[PDB]
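What follows is a single structure, written as structure tokens, with notes after it.
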Amino acid sequence: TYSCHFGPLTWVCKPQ
């Protein structure tokens, strides 16, 4: 569901 991944530089975690 969420966009909780390693990238682009650091980790990014947007609760979609």
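Following the order of the structure tokens, chains are lettered A, B, ..., residues in each are numbered from 1, and ligands are numbered from 1.
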Using DSSP secondary structure from the backbone, list all strand (DSSP E or B) positions within chain A, as a short mmCIF file (atom, residue, chain, number, x, y, z; two decimals) with C-alpha atoms, in the first residue's frame.
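states_13.cif written:
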```cif
data_model
loop_
_atom_site.label_atom_id
_atom_site.label_comp_id
_atom_site.auth_asym_id
_atom_site.auth_seq_id
_atom_site.Cartn_x
_atom_site.Cartn_y
_atom_site.Cartn_z
CA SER A 3 5.51 3.92 -0.65
CA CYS A 4 8.01 2.81 2.04
CA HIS A 5 11.18 1.91 0.13
CA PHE A 6 14.92 2.66 -0.02
CA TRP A 11 14.68 5.92 2.67
CA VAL A 12 11.31 7.50 1.80
CA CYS A 13 8.03 6.40 3.46
CA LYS A 14 4.81 8.09 2.30
#
```
